[PDB]
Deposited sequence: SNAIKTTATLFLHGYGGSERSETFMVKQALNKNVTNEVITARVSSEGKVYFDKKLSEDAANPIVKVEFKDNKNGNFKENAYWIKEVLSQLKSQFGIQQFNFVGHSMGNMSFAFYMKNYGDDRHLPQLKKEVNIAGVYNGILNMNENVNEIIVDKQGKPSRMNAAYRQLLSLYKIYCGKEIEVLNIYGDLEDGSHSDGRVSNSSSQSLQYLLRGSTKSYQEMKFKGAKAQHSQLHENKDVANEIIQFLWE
């Protein structure tokens, strides 16, 4: 059975933000299929090439790529999934996203995560997830804290609408890998987002995933944008989704 692996860009980005990591996949023979799903502002979906095909990779680009509205960027996500099925029949998918493409996938799963007419999740890769806020926005550096279970010492607006998201992950045996960076510069962050922010995903999933792992890459090559431009991160993701 065929499983499309969708790559979503963070704020400001496009399909070119996803390239370095899928190019690491192709060099690993993973698949010969890559295609681009483009989504306008209205939310009509255009595929550049068609589909047939093992471990196919699909790159998702939103034309309106500066929309901070999680519910419409999670509505878009459901439009691509439901276009990949209506057209190519794909029944399951892996998801990997950068920063805010992941906050849009927590709102996808929240509003469309129990529907069955929709391609089902299998694995999940989360790069610099921005779950309990952003640095220098609605949080500050070393301010917010997480316990054992990734529960925030303080929870921000959006994080709270996502509390009942375990209810969706339960019993779907969804594996989840949580990748974030610690520059090591005394700020416990990826330059842009807090480790507690993305680490607070473990409390959103509440022990209801088939599998939950976190990887804290460290150093200069573990900076926000450096995360999807590292090869030691991209193989981490290859071996998880595909090996």
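Unmodelled intervals of the deposited chain, in order: Several regions go unmodelled: 1-4, 57-58.
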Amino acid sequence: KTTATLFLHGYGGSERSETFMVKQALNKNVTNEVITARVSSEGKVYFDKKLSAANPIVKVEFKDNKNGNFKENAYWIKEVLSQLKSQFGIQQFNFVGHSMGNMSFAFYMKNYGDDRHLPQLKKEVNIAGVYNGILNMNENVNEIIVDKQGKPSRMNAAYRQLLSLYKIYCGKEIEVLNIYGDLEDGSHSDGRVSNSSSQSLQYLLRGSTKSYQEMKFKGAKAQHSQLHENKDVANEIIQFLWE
From here on, numbers count along this sequence of modelled residues.
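Segment of higher mean CA temperature factor, 108-116 or 123-131: Looking at the recorded C-alpha B-factors, 108-116 comes out higher on average.
Mean temperature factor over C-alpha atoms, higher-scoring stretch between 192-200 and 39-47: Of 39-47 and 192-200, the stretch with the higher C-alpha B-factor average is 39-47.
Top residue by Cα temperature factor, when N142, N94, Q161, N102 are compared in the entry: Spelled out: the listed residue with the top C-alpha B-factor is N142.
Chain-relative CA temperature factor third for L81: For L81, whose C-alpha B-factor we compare with every modelled residue in the chain, the answer is the highest third.
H228, C-alpha B-factor rank within chain (lowest, middle or highest third): For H228, whose C-alpha B-factor we compare with every modelled residue in the chain, the answer is the middle third.
Third of the chain's Cα B-factor distribution that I90 belongs to, per the entry: CA B-factor rank for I90: highest third.
Ranked against its chain, the third holding the CA B-factor of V30: It falls in the middle third of the chain.
Within-chain third of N65 by Cα B-factor, per the entry: For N65, the deposited C-alpha B-factor lands in the middle third.
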